[PDB]
> 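Take this structure, written in structure tokens, and hold onto it; I'll ask about it next.
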Amino acid sequence: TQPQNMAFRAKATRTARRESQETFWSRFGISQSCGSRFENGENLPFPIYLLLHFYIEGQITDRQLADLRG
DNA sequence: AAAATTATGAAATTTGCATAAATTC
DNA sequence: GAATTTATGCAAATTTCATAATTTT
């Protein structure tokens, strides 16, 4: 049931942290447009669902992601 | 109304289906 | 050589760039 709702959850987190789509989605290497289409109910591919899941529950940290970008 | 943010059409890239090739047993 | 595993051409679905529309300040 959850994969269809996860993007909306993701949006609520981001909103609550007062982050742009660019800021939030790019930690995962996901573009702003793509973030926009997910937040409005485009099919969330399973790997992105997994990442959002682990992120939202606090198991993957912003710092871990920032380390991996660089 | 300018700046910043989000949404969208369409080109290009990526994925997964069919199945061909290869490998294992 | 059959079963199983892996690779590959290509259709289709997905991503992103370019930018339009919207929202914020």
Side-chain angles (χ1 to χ4, degrees), chain A residues 3 5-17 19-70:
Chain A
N5 293 317
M6 174 75 80
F8 303 95
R9 261 217 90 186
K11 184 177 173 175
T13 303
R14 163 179 88 68
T15 291
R17 297 166 65 192
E19 296 182 346
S20 64
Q21 290 180 344
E22 175 53 34
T23 292
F24 180 84
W25 289 100
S26 60
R27 302 201 171 96
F28 309 106
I30 291 165
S31 67
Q32 180 270 309
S33 343
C34 189
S36 169
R37 297 186 135 114
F38 294 155
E39 288 181 10
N40 282 280
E42 187 202 30
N43 190 249
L44 198 61
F46 191 69
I48 284 52
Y49 168 70
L50 295 182
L51 271 167
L52 288 162
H53 175 70
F54 292 122
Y55 183 72
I56 282 156
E57 84 173 10
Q59 182 165 340
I60 286 166
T61 69
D62 282 348
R63 177 189 282 252
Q64 284 183 305
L65 296 164
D67 288 344
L68 295 161
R69 273 208 226 208

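Keep in mind that the numbers below use all heavy atoms, side chains included, and drop hydrogens, waters and symmetry copies. So you know, we letter chains A, B, ... as the sequences are listed, proteins then strands, and number each from 1.
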> Grab the CD-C1' distance between A:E19 and B:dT6 for me, whole Å please.
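Going from A:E19 (CD) to B:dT6 (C1'), I get 16 Å.
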> Return each pair, listed once, that meets salt bridge (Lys or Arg N to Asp or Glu O under 4.0 Å) where at least one residue sits in residues 28-38 of chain A; pairs must be two or more places apart or across chains.
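Matches after skipping sequence neighbours: none remain.
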> Can you pull the salt bridge (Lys or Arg N to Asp or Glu O under 4.0 Å) pairs that have at least one residue in residues 43-62 of chain A, sequence neighbours excluded?
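For residues 43-62 of chain A, and leaving out neighbouring residues, the salt bridge (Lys or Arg N to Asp or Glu O under 4.0 Å) pairs sorted by first residue read A:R17-A:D62, A:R27-A:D62.
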> Indicate whether any N or O donor in one side chain lies under 3.5 Å from an N or O acceptor in the other, for A:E22 and A:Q32.
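No pair is found: no donor N or O on one side chain lies under 3.5 Å from an acceptor on the other.
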> With a 4.5 Å cut-off on side-chain heavy atoms, are A:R69 and A:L65 touching?
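With C-beta onward as the side chain, the pair stays apart.
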> If only side-chain N and O atoms of A:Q21 are considered, is one of them under 4.0 Å from the OP1 or OP2 phosphate oxygen of B:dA7?
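So the side chain of A:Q21 is within the cut-off, an N or O lying under 4.0 Å from OP1 or OP2 of B:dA7.
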> Search all heavy atoms of A:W25 against all heavy atoms of A:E39 and return the closest pair with its distance.
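For A:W25 and A:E39, the tightest heavy-atom pair comes out as NE1-OE2, 2.9 Å.
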> Protein within reach of the bases, or only the backbone? For nucleotides 12-18 of chain C, mark each nucleotide 5' to 3' as B, S or -, using heavy atoms under 4.0 Å.
---BBBB
> Just wondering, do A:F38 and A:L52 contact through their side chains at under 4.5 Å, heavy atoms?
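Answer no - side chains too far apart.
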> Using whole Å, what does the distance between atom P of nucleotide B:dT5 and atom CZ of A:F24 come to?
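From A:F24 CZ to B:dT5 P: 16 Å.
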> Please report the distance, rounded to the nearest Å, between CD in A:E22 and P in B:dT6.
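Taking atom P of B:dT6 as the reference, CD of A:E22 is at 10 Å.
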